[PDB]
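Peer 1: One file is attached below, start.cif, containing mmCIF, C-alpha atoms and all ligand atoms.
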```
data_protein
loop_
_atom_site.group_PDB
_atom_site.id
_atom_site.type_symbol
_atom_site.label_atom_id
_atom_site.label_comp_id
_atom_site.auth_asym_id
_atom_site.auth_seq_id
_atom_site.Cartn_x
_atom_site.Cartn_y
_atom_site.Cartn_z
ATOM 1 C CA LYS A 83 -9.433 12.623 39.867
ATOM 2 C CA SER A 84 -12.728 10.787 39.347
ATOM 3 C CA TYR A 85 -16.028 12.479 38.512
ATOM 4 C CA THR A 86 -19.756 11.699 38.810
ATOM 5 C CA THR A 87 -21.063 11.694 35.227
ATOM 6 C CA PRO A 88 -19.599 8.710 33.306
ATOM 7 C CA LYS A 89 -16.895 9.682 30.825
ATOM 8 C CA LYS A 90 -18.007 9.103 27.242
ATOM 9 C CA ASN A 91 -15.201 7.475 25.272
ATOM 10 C CA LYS A 92 -13.597 9.234 22.335
ATOM 11 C CA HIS A 93 -14.052 7.227 19.133
ATOM 12 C CA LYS A 94 -10.867 5.194 19.017
ATOM 13 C CA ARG A 95 -10.754 3.427 15.652
ATOM 14 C CA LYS A 96 -11.280 -0.331 15.698
ATOM 15 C CA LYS A 97 -8.770 -3.030 14.730
ATOM 16 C CA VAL A 98 -9.479 -4.518 11.289
ATOM 17 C CA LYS A 99 -6.967 -6.912 9.710
ATOM 18 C CA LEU A 100 -6.568 -7.281 5.907
ATOM 19 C CA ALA A 101 -9.285 -4.752 5.077
ATOM 20 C CA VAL A 102 -8.456 -4.287 1.361
ATOM 21 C CA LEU A 103 -9.985 -7.709 0.586
ATOM 22 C CA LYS A 104 -13.452 -6.291 1.223
ATOM 23 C CA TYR A 105 -12.778 -3.241 -0.992
ATOM 24 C CA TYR A 106 -11.379 -4.720 -4.219
ATOM 25 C CA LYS A 107 -13.646 -7.654 -5.063
ATOM 26 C CA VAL A 108 -11.702 -10.771 -6.062
ATOM 27 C CA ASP A 109 -13.348 -12.381 -9.090
ATOM 28 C CA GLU A 110 -12.088 -15.231 -11.285
ATOM 29 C CA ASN A 111 -10.059 -12.966 -13.572
ATOM 30 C CA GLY A 112 -7.139 -10.758 -12.566
ATOM 31 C CA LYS A 113 -9.199 -7.620 -13.162
ATOM 32 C CA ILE A 114 -9.795 -5.279 -10.215
ATOM 33 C CA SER A 115 -13.571 -5.020 -10.560
ATOM 34 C CA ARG A 116 -14.410 -2.821 -7.575
ATOM 35 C CA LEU A 117 -18.038 -2.336 -6.535
ATOM 36 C CA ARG A 118 -17.010 0.931 -4.872
ATOM 37 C CA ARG A 119 -17.466 3.673 -7.457
ATOM 38 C CA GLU A 120 -15.318 6.661 -8.492
ATOM 39 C CA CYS A 121 -15.866 10.263 -7.390
ATOM 40 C CA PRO A 122 -16.449 12.528 -10.432
ATOM 41 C CA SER A 123 -15.024 15.648 -8.756
ATOM 42 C CA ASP A 124 -11.462 16.599 -9.694
ATOM 43 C CA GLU A 125 -10.684 18.320 -6.370
ATOM 44 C CA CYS A 126 -10.277 14.905 -4.738
ATOM 45 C CA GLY A 127 -8.025 12.264 -6.232
ATOM 46 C CA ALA A 128 -9.227 8.953 -7.607
ATOM 47 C CA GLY A 129 -7.110 7.154 -5.012
ATOM 48 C CA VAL A 130 -8.862 8.841 -2.077
ATOM 49 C CA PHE A 131 -11.713 6.399 -1.520
ATOM 50 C CA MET A 132 -15.237 7.532 -0.675
ATOM 51 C CA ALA A 133 -17.885 6.414 1.820
ATOM 52 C CA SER A 134 -20.141 3.387 1.293
ATOM 53 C CA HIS A 135 -23.687 3.895 2.607
ATOM 54 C CA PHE A 136 -27.267 2.735 2.069
ATOM 55 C CA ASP A 137 -29.305 5.779 0.937
ATOM 56 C CA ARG A 138 -26.431 8.077 -0.071
ATOM 57 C CA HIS A 139 -22.858 8.126 -1.368
ATOM 58 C CA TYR A 140 -20.593 10.531 0.505
ATOM 59 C CA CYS A 141 -17.518 11.580 -1.488
ATOM 60 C CA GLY A 142 -13.950 11.949 -0.262
ATOM 61 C CA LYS A 143 -12.460 15.215 1.010
ATOM 62 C CA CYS A 144 -14.842 17.321 -1.114
ATOM 63 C CA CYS A 145 -17.525 17.189 1.657
ATOM 64 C CA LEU A 146 -20.192 16.495 -0.994
ATOM 65 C CA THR A 147 -22.555 13.688 0.041
ATOM 66 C CA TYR A 148 -23.960 12.505 -3.304
ATOM 67 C CA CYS A 149 -27.304 11.285 -1.986
ATOM 68 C CA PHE A 150 -30.005 9.529 -3.993
ATOM 69 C CA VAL B 14 21.566 -7.449 -6.968
ATOM 70 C CA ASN B 15 21.448 -7.278 -3.152
ATOM 71 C CA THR B 16 23.740 -4.253 -2.731
ATOM 72 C CA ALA B 17 22.043 -2.548 -5.691
ATOM 73 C CA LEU B 18 18.546 -3.052 -4.258
ATOM 74 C CA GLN B 19 19.636 -1.980 -0.760
ATOM 75 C CA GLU B 20 21.305 1.174 -2.129
ATOM 76 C CA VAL B 21 18.270 1.991 -4.307
ATOM 77 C CA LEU B 22 15.871 1.633 -1.365
ATOM 78 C CA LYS B 23 18.326 3.659 0.751
ATOM 79 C CA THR B 24 18.430 6.605 -1.665
ATOM 80 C CA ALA B 25 14.655 6.344 -2.145
ATOM 81 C CA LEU B 26 14.360 6.734 1.631
ATOM 82 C CA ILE B 27 16.779 9.685 1.360
ATOM 83 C CA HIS B 28 14.635 11.461 -1.238
ATOM 84 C CA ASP B 29 11.313 10.286 0.353
ATOM 85 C CA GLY B 30 9.876 9.716 -3.129
ATOM 86 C CA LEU B 31 8.391 6.355 -2.139
ATOM 87 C CA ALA B 32 4.701 5.998 -1.266
ATOM 88 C CA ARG B 33 4.969 3.113 1.181
ATOM 89 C CA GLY B 34 1.897 1.167 2.231
ATOM 90 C CA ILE B 35 -0.632 -1.116 0.552
ATOM 91 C CA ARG B 36 -3.143 1.752 0.608
ATOM 92 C CA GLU B 37 -0.712 4.134 -1.109
ATOM 93 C CA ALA B 38 0.231 1.298 -3.474
ATOM 94 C CA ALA B 39 -3.454 1.138 -4.419
ATOM 95 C CA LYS B 40 -3.422 4.938 -4.853
ATOM 96 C CA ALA B 41 -0.445 4.650 -7.218
ATOM 97 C CA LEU B 42 -2.046 1.750 -9.116
ATOM 98 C CA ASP B 43 -5.340 3.611 -9.563
ATOM 99 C CA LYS B 44 -3.368 6.747 -10.500
ATOM 100 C CA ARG B 45 -1.263 4.717 -13.004
ATOM 101 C CA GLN B 46 2.135 5.396 -11.362
ATOM 102 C CA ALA B 47 4.078 2.126 -11.123
ATOM 103 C CA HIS B 48 7.676 1.419 -12.154
ATOM 104 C CA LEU B 49 9.175 -1.166 -9.758
ATOM 105 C CA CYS B 50 8.053 -2.830 -6.532
ATOM 106 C CA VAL B 51 9.111 -5.287 -3.821
ATOM 107 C CA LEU B 52 7.070 -8.467 -3.299
ATOM 108 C CA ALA B 53 7.393 -11.563 -1.110
ATOM 109 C CA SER B 54 5.710 -14.660 -2.547
ATOM 110 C CA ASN B 55 4.974 -18.205 -1.232
ATOM 111 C CA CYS B 56 4.381 -16.969 2.333
ATOM 112 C CA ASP B 57 1.742 -18.020 4.876
ATOM 113 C CA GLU B 58 -0.768 -15.593 3.330
ATOM 114 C CA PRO B 59 -4.223 -17.248 3.320
ATOM 115 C CA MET B 60 -5.772 -15.279 0.439
ATOM 116 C CA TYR B 61 -3.389 -12.377 -0.282
ATOM 117 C CA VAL B 62 -1.069 -14.168 -2.764
ATOM 118 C CA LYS B 63 -3.666 -14.285 -5.557
ATOM 119 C CA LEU B 64 -4.670 -10.676 -4.843
ATOM 120 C CA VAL B 65 -1.116 -9.309 -4.977
ATOM 121 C CA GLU B 66 -0.310 -11.302 -8.130
ATOM 122 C CA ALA B 67 -3.535 -10.006 -9.704
ATOM 123 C CA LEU B 68 -2.678 -6.391 -8.880
ATOM 124 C CA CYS B 69 0.926 -6.969 -10.014
ATOM 125 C CA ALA B 70 0.289 -8.672 -13.383
ATOM 126 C CA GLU B 71 -2.289 -6.118 -14.504
ATOM 127 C CA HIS B 72 -0.442 -2.866 -15.275
ATOM 128 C CA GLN B 73 3.148 -3.979 -16.180
ATOM 129 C CA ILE B 74 4.536 -4.039 -12.638
ATOM 130 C CA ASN B 75 7.891 -5.678 -11.860
ATOM 131 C CA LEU B 76 8.164 -9.082 -10.175
ATOM 132 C CA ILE B 77 10.525 -10.197 -7.408
ATOM 133 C CA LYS B 78 10.271 -13.181 -5.059
ATOM 134 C CA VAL B 79 11.202 -13.069 -1.362
ATOM 135 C CA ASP B 80 10.667 -15.989 1.070
ATOM 136 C CA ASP B 81 8.433 -14.570 3.835
ATOM 137 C CA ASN B 82 6.721 -11.259 4.625
ATOM 138 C CA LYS B 83 7.893 -10.672 8.207
ATOM 139 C CA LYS B 84 11.437 -9.784 7.077
ATOM 140 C CA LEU B 85 10.182 -7.463 4.313
ATOM 141 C CA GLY B 86 9.912 -4.542 6.754
ATOM 142 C CA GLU B 87 13.685 -4.099 7.098
ATOM 143 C CA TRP B 88 14.463 -2.781 3.598
ATOM 144 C CA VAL B 89 12.366 0.378 4.022
ATOM 145 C CA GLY B 90 13.093 0.565 7.761
ATOM 146 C CA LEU B 91 9.671 0.594 9.408
ATOM 147 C CA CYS B 92 10.401 -0.194 13.068
ATOM 148 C CA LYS B 93 13.978 1.073 13.320
ATOM 149 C CA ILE B 94 13.727 1.946 16.993
ATOM 150 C CA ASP B 95 17.203 1.634 18.586
ATOM 151 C CA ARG B 96 19.169 1.654 15.326
ATOM 152 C CA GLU B 97 22.337 0.730 17.289
ATOM 153 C CA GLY B 98 21.274 -2.922 17.388
ATOM 154 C CA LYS B 99 19.185 -5.599 15.753
ATOM 155 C CA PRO B 100 15.534 -4.442 15.574
ATOM 156 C CA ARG B 101 13.136 -6.594 17.576
ATOM 157 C CA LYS B 102 9.872 -4.662 18.079
ATOM 158 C CA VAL B 103 8.959 -4.974 14.404
ATOM 159 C CA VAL B 104 5.926 -6.040 12.413
ATOM 160 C CA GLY B 105 6.346 -6.835 8.734
ATOM 161 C CA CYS B 106 4.888 -5.329 5.579
ATOM 162 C CA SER B 107 2.955 -6.826 2.680
ATOM 163 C CA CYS B 108 4.387 -4.837 -0.249
ATOM 164 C CA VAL B 109 6.168 -1.518 -0.776
ATOM 165 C CA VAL B 110 5.978 0.288 -4.114
ATOM 166 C CA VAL B 111 8.533 3.010 -4.860
ATOM 167 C CA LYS B 112 8.057 5.838 -7.348
ATOM 168 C CA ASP B 113 11.790 6.198 -7.892
ATOM 169 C CA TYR B 114 13.228 9.677 -8.430
ATOM 170 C CA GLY B 115 16.901 8.827 -7.939
ATOM 171 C CA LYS B 116 16.696 6.035 -10.499
ATOM 172 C CA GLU B 117 20.277 6.361 -11.751
ATOM 173 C CA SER B 118 22.423 4.271 -9.411
ATOM 174 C CA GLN B 119 25.472 1.990 -9.364
ATOM 175 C CA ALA B 120 23.874 -1.267 -10.544
ATOM 176 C CA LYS B 121 20.159 -0.478 -10.961
ATOM 177 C CA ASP B 122 21.111 -0.024 -14.631
ATOM 178 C CA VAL B 123 22.009 -3.702 -14.960
ATOM 179 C CA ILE B 124 19.009 -4.638 -12.780
ATOM 180 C CA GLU B 125 16.673 -2.927 -15.262
ATOM 181 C CA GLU B 126 18.763 -4.422 -18.080
ATOM 182 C CA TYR B 127 17.805 -7.800 -16.606
ATOM 183 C CA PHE B 128 14.209 -6.573 -16.209
ATOM 184 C CA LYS B 129 13.805 -5.437 -19.826
ATOM 185 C CA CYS B 130 15.470 -8.526 -21.338
HETATM 186 ZN ZN ZN C 201 -14.941 14.410 -4.745
#
```
Take the structure in the file and write it out as structure tokens.
Ligand SMILES: [Zn+2]

Peer 2:
Amino acid sequence: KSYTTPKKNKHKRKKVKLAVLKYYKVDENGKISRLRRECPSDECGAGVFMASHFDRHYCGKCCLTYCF
Amino acid sequence: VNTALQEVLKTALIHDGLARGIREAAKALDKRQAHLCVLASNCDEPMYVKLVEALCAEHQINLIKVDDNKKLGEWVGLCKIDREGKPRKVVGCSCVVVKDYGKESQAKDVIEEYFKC
């Protein structure tokens, strides 16, 4: 049943409520001015959102990390 | 209007042409695919009312007003566990957009006649 080495947990995804509010920035106007950019590759759709990082910009399902 | 909307959502669930979910609604809005939607206004939403009205009145999307959001999850049938009874282990939904394929129905014609006028 139990073992000696401690079991490392599998990365269960966290619980975030109303997440879309930090993706589409809410300005004064009713325009969806989103700071998250758009992936120029046509293999992935425009809906499929990318990754937001600090020294790079990983794309969607294209597996192309558009670094600086 | 009630039987028409229930039958339209029923046949949309039959054909599975609806992209349910706020995320897939954002996919359809960014991909410019929006005909009609279901919305519940004046709820206990702390910030979401302005956001959903901003994403609704931006790209000619239909408007409908429902009282609260926790009963919105019964039209599309989210938590229909034990269908032989009133569902009880249910959470609600914010909005459901439907890309309708079976658009021709019994009274959706006069619903869109109201919508266009
Ligand atoms: Zn891409």

Peer 1: To verify the selection step, state as a ChimeraX atom specification which residues the PyMOL selection byres ((chain B) within 12 of (chain A)) yields on this input.

Peer 2: /B:34-46,58-72,106-107

Peer 1: Just the number, please: distance in Å from CA of residue 117 in chain B to CA of residue 16 in chain B, one decimal.

Peer 2: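 Computed distance, CA of residue 117 in chain B to CA of residue 16 in chain B, equals 14.4 Å.
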
Peer 1: If you apply the PyMOL selection byres (((chain A and resi 148) around 12) and not hetatm) to this file, what residues do you get, as a ChimeraX atom specification?

Peer 2: /A:119-123,132-142,144-147,149-150

Peer 1: Using C-alpha atoms, can you write the selected residues to a file as a PDB file, in the coordinates of the input?

Peer 2:
```pdb
ATOM      1  CA  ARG A 119     -17.466   3.673  -7.457  1.00  0.00           C
ATOM      2  CA  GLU A 120     -15.318   6.661  -8.492  1.00  0.00           C
ATOM      3  CA  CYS A 121     -15.866  10.263  -7.390  1.00  0.00           C
ATOM      4  CA  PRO A 122     -16.449  12.528 -10.432  1.00  0.00           C
ATOM      5  CA  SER A 123     -15.024  15.648  -8.756  1.00  0.00           C
ATOM      6  CA  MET A 132     -15.237   7.532  -0.675  1.00  0.00           C
ATOM      7  CA  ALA A 133     -17.885   6.414   1.820  1.00  0.00           C
ATOM      8  CA  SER A 134     -20.141   3.387   1.293  1.00  0.00           C
ATOM      9  CA  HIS A 135     -23.687   3.895   2.607  1.00  0.00           C
ATOM     10  CA  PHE A 136     -27.267   2.735   2.069  1.00  0.00           C
ATOM     11  CA  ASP A 137     -29.305   5.779   0.937  1.00  0.00           C
ATOM     12  CA  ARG A 138     -26.431   8.077  -0.071  1.00  0.00           C
ATOM     13  CA  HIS A 139     -22.858   8.126  -1.368  1.00  0.00           C
ATOM     14  CA  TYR A 140     -20.593  10.531   0.505  1.00  0.00           C
ATOM     15  CA  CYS A 141     -17.518  11.580  -1.488  1.00  0.00           C
ATOM     16  CA  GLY A 142     -13.950  11.949  -0.262  1.00  0.00           C
ATOM     17  CA  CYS A 144     -14.842  17.321  -1.114  1.00  0.00           C
ATOM     18  CA  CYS A 145     -17.525  17.189   1.657  1.00  0.00           C
ATOM     19  CA  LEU A 146     -20.192  16.495  -0.994  1.00  0.00           C
ATOM     20  CA  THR A 147     -22.555  13.688   0.041  1.00  0.00           C
ATOM     21  CA  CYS A 149     -27.304  11.285  -1.986  1.00  0.00           C
ATOM     22  CA  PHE A 150     -30.005   9.529  -3.993  1.00  0.00           C
TER      23      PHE A 150
END
```

Peer 1: Which is closest to residue 18 in chain B among B:130, B:120, B:31, B:109, if we use all atoms listed in the file?

Peer 2: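 For residue 18 in chain B, the nearest of the given residues is B:120.
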
Peer 1: Between B:105, B:118, B:76, B:124, single out the one closest to residue 90 in chain B, counting only C-alpha atoms.

Peer 2: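 Residue with the minimum atom-to-atom distance to residue 90 in chain B: B:105.
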
Peer 1: So that I can see what lies close to residue 20 in chain B, please list as a list in words the residues with an atom at most 12 Å from it, counting only C-alpha atoms and leaving out residues fewer than 5 positions away in the same chain.

Peer 2: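 Result of the neighbour search: residues 14, 15, 25, 26, 27, 88, 89, 115, 116, 117, 118, 119, 120 and 121 of chain B.
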
Peer 1: What is the CA of residue 124 in chain A to CA of residue 143 in chain A distance in Å?

Peer 2: 10.8 Å

Peer 1: Please, what distance in Å, to one decimal, runs between CA of residue 75 in chain B and CA of residue 22 in chain B?

Peer 2: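 Taking CA of residue 75 in chain B and CA of residue 22 in chain B, their separation equals 15.1 Å.
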